Amino acid sequence: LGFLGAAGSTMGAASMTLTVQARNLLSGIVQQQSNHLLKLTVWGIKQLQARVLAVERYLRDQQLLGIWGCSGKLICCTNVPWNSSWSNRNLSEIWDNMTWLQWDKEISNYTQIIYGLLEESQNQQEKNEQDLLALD
Amino acid sequence: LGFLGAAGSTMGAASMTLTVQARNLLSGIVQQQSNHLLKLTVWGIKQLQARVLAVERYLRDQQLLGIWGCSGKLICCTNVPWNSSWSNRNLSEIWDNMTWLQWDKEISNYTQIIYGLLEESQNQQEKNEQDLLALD
Amino acid sequence: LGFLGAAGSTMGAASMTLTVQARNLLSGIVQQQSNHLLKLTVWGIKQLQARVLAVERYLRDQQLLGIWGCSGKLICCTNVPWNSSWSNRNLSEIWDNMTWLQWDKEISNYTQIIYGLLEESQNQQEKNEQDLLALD
Amino acid sequence: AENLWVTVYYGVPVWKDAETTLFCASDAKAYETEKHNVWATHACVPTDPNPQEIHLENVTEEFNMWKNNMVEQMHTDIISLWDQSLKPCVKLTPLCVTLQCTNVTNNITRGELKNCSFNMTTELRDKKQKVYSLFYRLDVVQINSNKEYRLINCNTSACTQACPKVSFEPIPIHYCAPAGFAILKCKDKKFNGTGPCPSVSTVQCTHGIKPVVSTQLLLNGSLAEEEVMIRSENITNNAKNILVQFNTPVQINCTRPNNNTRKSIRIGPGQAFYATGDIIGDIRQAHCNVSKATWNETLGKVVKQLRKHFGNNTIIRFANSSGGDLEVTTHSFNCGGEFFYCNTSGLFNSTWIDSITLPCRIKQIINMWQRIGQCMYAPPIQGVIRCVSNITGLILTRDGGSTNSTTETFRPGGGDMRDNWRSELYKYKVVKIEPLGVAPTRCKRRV
Amino acid sequence: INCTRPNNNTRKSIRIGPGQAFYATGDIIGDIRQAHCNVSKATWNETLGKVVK
Ligand SMILES: *[C@@H]1O[C@H](CO)[C@@H](O[C@@H]2O[C@H](CO)[C@@H](O[C@@H]3O[C@H](CO[C@H]4O[C@H](CO)[C@@H](O)[C@H](O)[C@@H]4O)[C@@H](O)[C@H](O[C@H]4O[C@H](CO)[C@@H](O)[C@H](O)[C@@H]4O)[C@@H]3O)[C@H](O)[C@H]2NC(C)=O)[C@H](O)[C@H]1NC(C)=O
Ligand SMILES: *[C@@H]1O[C@H](CO)[C@@H](O[C@@H]2O[C@H](CO)[C@@H](O[C@@H]3O[C@H](CO[C@H]4O[C@H](CO)[C@@H](O)[C@H](O)[C@@H]4O)[C@@H](O)[C@H](O[C@H]4O[C@H](CO)[C@@H](O)[C@H](O)[C@@H]4O)[C@@H]3O)[C@H](O)[C@H]2NC(C)=O)[C@H](O)[C@H]1NC(C)=O
Ligand SMILES: *[C@@H]1O[C@H](CO)[C@@H](O[C@@H]2O[C@H](CO)[C@@H](O[C@@H]3O[C@H](CO)[C@@H](O)[C@H](O)[C@@H]3O)[C@H](O)[C@H]2NC(C)=O)[C@H](O)[C@H]1NC(C)=O
Ligand SMILES: *[C@@H]1O[C@H](CO)[C@@H](O[C@@H]2O[C@H](CO)[C@@H](O[C@@H]3O[C@H](CO)[C@@H](O)[C@H](O)[C@@H]3O)[C@H](O)[C@H]2NC(C)=O)[C@H](O)[C@H]1NC(C)=O
Ligand SMILES: *[C@@H]1O[C@H](CO)[C@@H](O[C@@H]2O[C@H](CO)[C@@H](O[C@@H]3O[C@H](CO)[C@@H](O)[C@H](O)[C@@H]3O)[C@H](O)[C@H]2NC(C)=O)[C@H](O)[C@H]1NC(C)=O
Ligand SMILES: *[C@@H]1O[C@H](CO)[C@@H](O[C@@H]2O[C@H](CO)[C@@H](O[C@@H]3O[C@H](CO)[C@@H](O)[C@H](O)[C@@H]3O)[C@H](O)[C@H]2NC(C)=O)[C@H](O)[C@H]1NC(C)=O
Ligand SMILES: *[C@@H]1O[C@H](CO)[C@@H](O[C@@H]2O[C@H](CO)[C@@H](O[C@@H]3O[C@H](CO)[C@@H](O)[C@H](O)[C@@H]3O)[C@H](O)[C@H]2NC(C)=O)[C@H](O)[C@H]1NC(C)=O
Ligand SMILES: *[C@@H]1O[C@H](CO)[C@@H](O[C@@H]2O[C@H](CO)[C@@H](O[C@@H]3O[C@H](CO)[C@@H](O)[C@H](O)[C@@H]3O)[C@H](O)[C@H]2NC(C)=O)[C@H](O)[C@H]1NC(C)=O
Ligand SMILES: *[C@@H]1O[C@H](CO)[C@@H](O[C@@H]2O[C@H](CO)[C@@H](O[C@@H]3O[C@H](CO)[C@@H](O)[C@H](O)[C@@H]3O)[C@H](O)[C@H]2NC(C)=O)[C@H](O)[C@H]1NC(C)=O
Ligand SMILES: *[C@@H]1O[C@H](CO)[C@@H](O[C@@H]2O[C@H](CO)[C@@H](O[C@@H]3O[C@H](CO)[C@@H](O)[C@H](O)[C@@H]3O)[C@H](O)[C@H]2NC(C)=O)[C@H](O)[C@H]1NC(C)=O
Ligand SMILES: *[C@@H]1O[C@H](CO)[C@@H](O[C@@H]2O[C@H](CO)[C@@H](O[C@@H]3O[C@H](CO)[C@@H](O)[C@H](O)[C@@H]3O)[C@H](O)[C@H]2NC(C)=O)[C@H](O)[C@H]1NC(C)=O
Ligand SMILES: *[C@@H]1O[C@H](CO)[C@@H](O[C@@H]2O[C@H](CO)[C@@H](O)[C@H](O)[C@H]2NC(C)=O)[C@H](O)[C@H]1NC(C)=O
Ligand SMILES: *[C@@H]1O[C@H](CO)[C@@H](O)[C@H](O)[C@H]1NC(C)=O
Ligand SMILES: *[C@@H]1O[C@H](CO)[C@@H](O)[C@H](O)[C@H]1NC(C)=O
Ligand SMILES: *[C@@H]1O[C@H](CO)[C@@H](O)[C@H](O)[C@H]1NC(C)=O
Ligand SMILES: *[C@@H]1O[C@H](CO)[C@@H](O)[C@H](O)[C@H]1NC(C)=O
Ligand SMILES: *[C@@H]1O[C@H](CO)[C@@H](O)[C@H](O)[C@H]1NC(C)=O
């Protein structure tokens, strides 16, 4: 398989290839870093603005994934419950049938709620872990 | 509460908000990335220099926190002892009464010492862990 | 010892100073960030292009080290075997005698193979760890 | 035992004072107007719809307006943005030529207008035309005896004509801080510009600040909360101006008032100069009005405050500006696209124990920011113009007599350009977050 | 090495345009002698002895 090749796969079988999207998400800067000494400086500026935008996108995703308990992991389990309000579909059908493109729109509305649950659950969990290491 | 809102709190109750400061510390680039098609390019340069400075500040803090044993954690316990030379104040008064603004100046002298102790304690600790995984 | 001071050391004793290369790998931007207010904008462009290239190099190494299991660690044991085709030298002679410069050339060819093994071993491992937490 | 171990916290609420590059934001409605038309309408990022301020409880912070680096950024931005607006406009060099002149024709109250005739290129390089324009006496000088004259700038630089579609009008500009920095507002109504503010709020952008320019009186700026406030860097030093900020406005009206005709001369292929063609009515002097009772009352408030700093029995009095160039001795401001210098000597002569009419003069050739080389010719504007404004406050200088100590004389100070917006940036400080911190507690890392 | 003009030479300004001036070479105050440089002979003769070696 190649980049995005699983996009029309079912979500289940798409899970075993997440690294393929992940590497390309930044290292595609290889095209722009490949190259006049100053003249036509605007073409430099068009590349340069695109480069800082590319690192900011990556860095925001890593930051967000790191205020949750997940930094440096491609899969992560958590400790906040899935209210059926977020989706009334059963577990089997979403992992069996849907593509990731389909699933994303079908939960799009609730997303900004769910990140708040994760964030607050994590910070109080780190304090509970310090409250233990104070005597462990 | 909102951004910086705990700054006049005692350190104890301030310890639960840290995610608020942590998110705003980079994501505030949302203002600058919101926007002339090339003309007056200098206002682009004023934004662009600020953007690279914003990621460098964040990235240095993450690097430093990552050569200590703390990457991706907002609270972290360690294993180097607190020399009372750094502060002769008892534990209770500082967590009970002082604000973070007050505490920072009251240990500003010693801070550059403390980072060196943390660094060296961590690297020898990782090598001791390899000396164990060599047979575990 | 200072920056790179162990480069002619045996690999063994060089292992206890990795932090000295690590901090200088990015924080050296202190020289470039230290400075005319717009005019001669080209010298600003030389600094600015060098700064984005420096953070891109650092992010790429951290990303690669983080699709493997290793993010936030300077040493890491793993779980893929060392085929003697990569080097027929015994374990003792390389840790005793060779310098890191000498080692790098002597394995240079195989490197792009070895990174692929590491990546694949990790992603299937994270799914195996979810297959456990699904019932624990 | 309570053995203490260092523990790290990240995202700690703590900061330090810093120099950092702020960035503008511009009204998202005005942003829809045509490119470069005033002050980066198109190029300055459109506004965040709210100042998202948070009151910081219990904190006390050392504000200082006189040292405030935020003013230098505004001054430097304005200069840079001003020059960037003029770069595309015609350099007026071919107009630098010998003029014959005569005094103006129809009825006058005084020969301030010269009617002048000269030879000017057509677009066709080999063809040139005799032509005439009016000019004000301040725009020209006599090279002589014989009535031979030149423009005032011809022996020092060639001015750009200002592009007539561009307006100088000061739209509100917000200033905003990049990520990892924050603005602090001092909220205390009694803050005097230097010391511990006891009520602070963070915000991501300032309120709108308008880039007005004037000397002796501050125009259209923000009014003080409860009373006239007076601010000084170090009040026993005569070299430092007192800034006075009013509680009410005082309304000022000002008018050209003559009916003036634009005319175009096509100097070159795709280049044209706006001559001052003719005056349609009979001629009357440019002037401003202020309502006398409101002024007489307002200076009563200003004295009531100065008495606190200098002592109750001081015989305080005002006087007009002493002497020197027109540009430093007078009100020096723009109305509607035209540049007015007005003789404030009518206001400043009270002593302490209906409308005033201020006469004015006008220049077309100008040098704001006072560079040696750079110069503007501001083209004439059609018809009649007048505008209304609020005097917000004023700049005073206290004269250093080795005299009897019972009295102080204050004069309208002229002042540096910065004070037109240092009167806003007194409330704002900028800080750098220091989000990483360490503290002891009793825990251990597991090993 | 020492080197010298050595003539006593006069700057003059011609104002070619509005805010533009050209620096003419106005006059020579002394009588005229050629620009030249000196080097100490023994040090040169010795130095080429080293270079040949
Ligand atoms: C702050 O406030 C003070 C007080 O009002 C102002 O002082 C006045 O300033 C004006 C302008 O400089 C003075 O008027 C001028 O006076 C000159 C001196 O007059 C004497 O000498 C001449 C020549 O020897 C005699 O003819 C005359 O009789 C006096 O003996 C005159 O030379 C000036 O002449 C010009 O104006 C007249 C106007 O009619 C023309 O006819 C002339 O051709 C010529 O153009 C002029 O008259 C005035 O005298 C001052 N008043 C006082 C009481 O001193 C300050 O100017 C003010 N500051 C500012 C910045 O406005
Ligand atoms: C202190 O603050 C006050 C209030 O903001 C300022 O006073 C205003 O100043 C502006 C100019 O800066 C004045 O605007 C001008 O109005 C002219 C007339 O049109 C208006 O009024 C008529 C009815 O009288 C309406 O039909 C019309 O819709 C407008 O509302 C315009 O001709 C002016 O220029 C425009 O037209 C020309 C010719 O086509 C174009 O070249 C221009 O680009 C532009 O499109 C301009 O719009 C405004 O009228 C003033 N208001 C008052 C109450 O006085 C002060 O200027 C300010 N002081 C300082 C020192 O900053
Ligand atoms: C594009 O969609 C098709 C349809 O899902 C994917 O192909 C394969 O389709 C079959 C059904 O036609 C899926 O079911 C399984 O088929 C095997 C025989 O191939 C059978 O032994 C099993 O019992 C079961 O019925 C199969 O899961 C599916 N393949 C995958 C990888 O899921 C096709 O792969 C999609 N394309 C891409 C690149 O994702
Ligand atoms: C600004 O400072 C005040 C004063 O410390 C903070 O408010 C709260 O003050 C009370 C004391 O009046 C603190 O103690 C608690 O008081 C209640 C009764 O009022 C009592 O029931 C509790 O047992 C306890 O004694 C309280 O801890 C303190 N609040 C916090 C969050 O610590 C105020 O919070 C400060 N501002 C900010 C933004 O934190
Ligand atoms: C540059 O190379 C030399 C040679 O390896 C490094 O110095 C030290 O050399 C000795 C052998 O001459 C190494 O072996 C050890 O020597 C001690 C006595 O000094 C002995 O007690 C031990 O049993 C062992 O034989 C020694 O390991 C080596 N030092 C290091 C740090 O490896 C020299 O340090 C090198 N320079 C740098 C900056 O790496
Ligand atoms: C503007 O344009 C006109 C036409 O190009 C210039 O006309 C000048 O006209 C006089 C004739 O009146 C020419 O001759 C001189 O006349 C005076 C008396 O006026 C006489 O004393 C002299 O002996 C001589 O005959 C004059 O040469 C001519 N000028 C040129 C440059 O051709 C007029 O000078 C121009 N005015 C300006 C201020 O540019
Ligand atoms: C460029 O042209 C001007 C005008 O000839 C030269 O400057 C000076 O301009 C003033 C005003 O027209 C002349 O009057 C004197 O002004 C002073 C101002 O402080 C005042 O104190 C005196 O009472 C008098 O009114 C002045 O004579 C004139 N010339 C000089 C030498 O100052 C300017 O110098 C010229 N610059 C160049 C580079 O050619
Ligand atoms: C604006 O208000 C602040 C207070 O909110 C005024 O602060 C003044 O700070 C000076 C610092 O020098 C104090 O003056 C003297 O300080 C020396 C020590 O440096 C001391 O030995 C003297 O006894 C004296 O205190 C001054 O007391 C303090 N307060 C006052 C009423 O001035 C500031 O001066 C005010 N400025 C204006 C223009 O209103
Ligand atoms: C400033 O000086 C000019 C001189 O050019 C005045 O404008 C008018 O200029 C024309 C020639 O370009 C004059 O000549 C002719 O006058 C007769 C009068 O019957 C008329 O029928 C022709 O169509 C032509 O205009 C004209 O006399 C002159 N007008 C006046 C009133 O002097 C200009 O008016 C002077 N003053 C001002 C306020 O600009
Ligand atoms: C700014 O305005 C003042 C107004 O005070 C101008 O100064 C002079 O003011 C006096 C009154 O203080 C006027 O007095 C009159 O002078 C004539 C002189 O012949 C006399 O006949 C009258 O009996 C009366 O005394 C004076 O006209 C006025 N001077 C002028 C030239 O207007 C001051 O000049 C103005 N500023 C500037 C820079 O011009
Ligand atoms: C402040 O400025 C005003 C206006 O420039 C000065 O007011 C004028 O003061 C004089 C002397 O007190 C008044 O008295 C006399 O009036 C007659 C008739 O007009 C005249 O012939 C005399 O020569 C003398 O001026 C004068 O009426 C008055 N002018 C007005 C328009 O009210 C005032 O003196 C200045 N100084 C102070 C301390 O107010
Ligand atoms: C404008 O009018 C004034 C006053 O009539 C003129 O000034 C006088 O001109 C004559 C002749 O050149 C001189 O002898 C006088 O000395 C001048 N008086 C003063 C006070 O300077 C002036 O020449 C006219 N200017 C123009 C351009 O027409
Ligand atoms: C300014 O002009 C308006 C309209 O004529 C008028 O209502 C107002 O009272 C005037 N104010 C002054 C100070 O003249
Ligand atoms: C000056 O007047 C004020 C207001 O009445 C008063 O508070 C102050 O004590 C007075 N001081 C003197 C020395 O008269
Ligand atoms: C100026 O004069 C012309 C001709 O009389 C007229 O069309 C115009 O309306 C006048 N403007 C004013 C403000 O009176
Ligand atoms: C002048 O002051 C009044 C005070 O109510 C204010 O409403 C107005 O916006 C101010 N500005 C102008 C130009 O009138
Ligand atoms: C150069 O000039 C200085 C000062 O006259 C003198 O001391 C030196 O010896 C000269 N050297 C030569 C090579 O002439």
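Structure determination for this PDB entry is given in the record as cryo-EM, at a resolution of 3.73 Å.

Looking at the PDB entry, one finds chain E named Envelope glycoprotein gp120, with Human immunodeficiency virus 1 as its source organism. The record deposited in the PDB is entitled "Cryo-EM structure of BG505 DS-SOSIP in complex with Glycan276-Dependent Broadly Neutralizing Antibody VRC33.01 Fab".

The PDB entry lists chain D under the name Envelope glycoprotein gp120, with Human immunodeficiency virus 1 given as the organism. What UniProt records for chain D under Sequence similarities (unreviewed entry) is the sentence "Belongs to the HIV-1 env protein family."

(A) Quick peek at the site of ligand 1. All names here are of chain D. Looking at ligand 1, the residues that line it are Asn320, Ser321, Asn343 and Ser345. Within the contact set of ligand 1, an oxygen atom lies 2.3 Å away from a side-chain nitrogen or oxygen of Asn320. Contact between ligand 1 and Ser345: an oxygen atom at 3.3 Å from a side-chain N or O atom of the residue. Burial of ligand 1 by the protein chains amounts to 13% of its free accessible area of 1100 Å². Of the residues that constitute the shell around ligand 1, the class distribution is no nonpolar, 4 polar and no charged.

(B) Main features of the relation of the copies chain C and chain A. Superposition of chain C onto chain A requires a rotation of 120° combined with a translation of 0.0 Å along the rotation axis, giving an RMSD of 0.2 Å. These values place the two chain copies in the arrangement generated by a three-fold rotation axis. The position closest to the rotation axis in chain C is occupied by the C-alpha of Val52 of chain C, lying 4.2 Å away. Take the interface residues of chain C: only 16% of them recur as interface residues in chain A, which is what a contact between different surfaces looks like.

(C) Inspection of the state of the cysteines at higher detail. All told, the structure shown has 12 disulfides over all chains when counted by the stated rule. Sulfur-sulfur distance for the disulfide between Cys96 of chain D and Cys154 of chain D comes to 2.0 Å. Accessibility expressed as a relative area gives 30% for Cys96 of chain D, which makes it partly exposed. A sulfur-sulfur distance of 2.0 Å marks the disulfide that ties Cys335 of chain D to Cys387 of chain D. Residue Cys335 of chain D is classed as buried on the basis of its relative accessible area of 1%. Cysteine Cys70 of chain A remains unbridged, with the sulfur of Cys76 of chain A as its closest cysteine sulfur at 3.5 Å.

(D) Inspection of the pairing of strand 3 (residues 23–26) of chain D at higher detail. Residue and element names in this part refer to chain D. What you see with strand 3 is no split at all: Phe23 and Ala25 on one side and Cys24 and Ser26 on the other are buried throughout. Alignment of strand 3 against strand 12 (residues 173–176), held across 4 bridges, turns out to be antiparallel. Residue pairing for strand 12: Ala25 is matched across the bridge by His174.

(E) Fine view of the interface of chain D and chain B. Across the contact, 55 residues belong to chain D and 63 residues belong to chain B. When the buried surface of chain D facing chain B is broken down by residue, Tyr10, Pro13 and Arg445 of chain D rank first, second and third, together holding 16% of it. One can count 0 salt bridges joining chain D with chain B. Linking chain D with chain B are 13 residue pairs in polar contact. For the side of chain D that touches chain B, the secondary structure elements donating two or more residues are strand 1 (5–10), strand 2 (15–17), strand 3, strand 4 (54–56), helix 1 (70–86), strand 13 (181–186), strand 30 (428–433) and strand 31 (436–441) of chain D.

(F) Expanded view of the pattern of salt bridges. Taken as a whole, this structure holds 33 salt bridges over all chains when the rule is applied. Ionic pairing is found between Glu61 of chain D and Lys429 of chain D, a salt bridge with its closest N-O pair at 2.8 Å. For the pair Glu61 of chain D and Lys429 of chain D, a shared accessibility class is recorded, and that class is buried. One salt-bridge network, held together by shared partners, links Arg89, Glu93 and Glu106 of chain A.

(G) Seen up close, the side chain of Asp419 of chain D. As for its placement among the helices and strands, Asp419 of chain D is situated in helix 4 (residues 419–422). Dropping the residues within four chain positions of it, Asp419 of chain D is found in contact with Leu218, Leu243 and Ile395 of chain D.

(H) Layout of helix 4 (residues 41–67) of chain A. With 27 residues, helix 4 of chain A extends 39 Å between its outermost C-alpha atoms, agreeing within 8% with the 39 Å of an ideal straight helix rising 1.5 Å per residue. Among the residues of helix 4 of chain A, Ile45, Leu48, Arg51, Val52, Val55, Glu56, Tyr58, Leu59, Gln63, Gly66 and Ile67 of chain A are the ones counted as buried. Buried residues in helix 4 of chain A make contact with helix 2 (18–27), helix 3 (30–33) and helix 7 (111–133) of chain A, helix 2 (19–27) and helix 3 (41–67) of chain B together with helix 3 (41–67) of chain C.

(I) Quick look at the packing of helix 3 of chain B against helix 3 of chain C. Look at helix 3 of chain B against helix 3 of chain C: their axes get within 11 Å of each other, and the N-to-C directions meet at 35°. Here the hand of the crossing between helix 3 of chain B and helix 3 of chain C comes out left-handed. Residues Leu48, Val52, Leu53, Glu56, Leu59 and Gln63 of chain B of helix 3 of chain B form the contact with helix 3 of chain C, whose participating residues are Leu48, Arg51, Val52, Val55, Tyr58 and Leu59 of chain C. Taken together, the residues of the contact of helix 3 of chain B with helix 3 of chain C break down into 9 nonpolar, 1 polar and 2 charged.

(J) Inspection of the interface of chain C and chain A at higher detail. Tallying the contact residues gives 19 residues for chain C and 24 residues for chain A. In total, chain C and chain A occlude about 2200 Å² of area from one another, counting both sides; carbon and sulfur atoms represent 60% of this. Its largest share of buried area at the contact with chain A, chain C owes to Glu56, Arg60 and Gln63 of chain C, together 27% of the area lost on that side. Counting across the chain C and chain A interface gives 2 salt bridges. Of the charged contacts in the structure, one is a salt bridge between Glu56 of chain C and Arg51 of chain A, with a shortest N-O distance of 2.7 Å. Here chain C is connected to chain A by 8 residue pairs in polar contact.

(K) View of the environment of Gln102 of chain C. Residues and elements named next belong to chain C. Tracing the chain through its elements places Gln102 in helix 5 (residues 100–107). Spatially, the C-alpha atoms of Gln102 and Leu64 are 23 Å apart, while their sequence positions differ by 38 residues. Reaching out from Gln102, the side chain makes a polar contact with the side chain of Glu106 at a distance of 2.8 Å.

(L) Quick peek at the sheet that holds strand 15 (residues 200–203) of chain D. Residue and element names in this part refer to chain D. With antiparallel pairing, the 5 strands of this open sheet are ordered in space as 2-30-13-15-4. The sheet is open, and its two borders are formed by strand 2 and strand 4, each paired with just one other strand. Across the sheet, the mean angle separating the axes of adjacent strands is 40° when strand polarity is ignored. As paired strands, strand 4 and strand 15 are joined by 3 bridges and run antiparallel to one another. Its bridge partner lying in strand 15, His55 is registered against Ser201.

(M) Unusual backbone geometry, seen in detail. Residue and element names in this part refer to chain D. Phi at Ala40 takes a positive value of approximately 55°, unusual for a residue other than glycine. Along the chain, the position of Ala40 falls in the loop between strand 3 and strand 4. According to the relative accessible area criterion, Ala40 is buried, its value standing at 3%. Phi is positive for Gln370, close to 50°, though the residue is something other than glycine. Position of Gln370 among the secondary structure elements: in the loop between strand 26 (365–366) and strand 27 (376–377).

(N) Here's a closer look at the nonpolar core. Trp68, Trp82, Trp95, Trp100 and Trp103 of chain B together with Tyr9 and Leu436 of chain D are the most contacted members of the largest nonpolar core, which has 53 residues in total. Here the element with the most residues in this core is helix 3 of chain B; it accounts for 7 residues. Ranked by size, the runner-up nonpolar core spans 43 residues in total, among them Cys254, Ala286, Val303 and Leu394 of chain D.

(O) Geometry of the sheet that holds strand 1 (residues 75–76) of chain B. The strand order 1(B)-1(D)-31(D) describes an open sheet built from 3 strands, whose pairing is antiparallel. At either margin of the open sheet sits one strand with a lone partner, and together these are strand 1 of chain B together with strand 31 of chain D. Both strand 1 of chain D and strand 31 of chain D contribute to a ladder of 6 bridges, which runs antiparallel. Bridge pairing links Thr7 of chain D to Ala439 of chain D in strand 31 of chain D. Of the strands in this sheet, strand 1 and strand 31 of chain D are in contact with helix 3 of chain B, which crosses strand 1 of chain D at around 150°.

(P) Structural view of the arrangement of the chains. Among the 7 pairs of chains in contact, the pair with the most contacts is chains B and D. Between chain A and chain E there is no contact; the minimum C-alpha to C-alpha separation amounts to 29 Å. Taking C-alpha atoms only, the smallest gap left between chain C and chain E, which are not in contact, amounts to 22 Å.

Analysis parameters
Residues numbered from 1 in each chain as written, not as in the entry; some residues may be left out. Chains lettered and ligands numbered in written order. Part of a larger assembly, values for the part shown. Heavy atoms only, no water. UniProt positions renumbered as here; feature names shortened; annotations may be inferred. Near = heavy atom within 4 Å. Polar contact = N/O pair within 3.5 Å; in protein donor to acceptor, adjacent residues only side chain to side chain. Areas by Shrake-Rupley, 256 points an atom, 1.4 Å probe, with all protein chains shown as cover. Nonpolar A, V, L, I, M, F, W, Y, C, P; charged D, E, K, R; others polar. Least-squares fit on C-alpha atoms. Contact = heavy atoms within 4.5 Å. Disulfide = S-S within 2.5 Å. Buried < 20%, exposed > 50% of the residue type's maximum accessible area, 1.4 Å probe, protein only. Helix = DSSP H or I, 4+ residues; strand = E, 2+ residues; numbered from the N terminus. Pairing = 2+ DSSP bridges. Buried area = accessible area lost by both parts, 1.4 Å probe. Salt bridge = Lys/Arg side-chain N within 4 Å of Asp/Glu carboxyl O. Expected span 1.5 Å × (residues − 1). Axes fitted to C-alpha atoms, helices over the stretch in contact; angles between N-to-C directions. Left-handed = near helix turned anticlockwise from the far one by under 90°. Core = buried A, V, L, I, M, F, W, Y, C linked by side-chain atoms within 4.5 Å.

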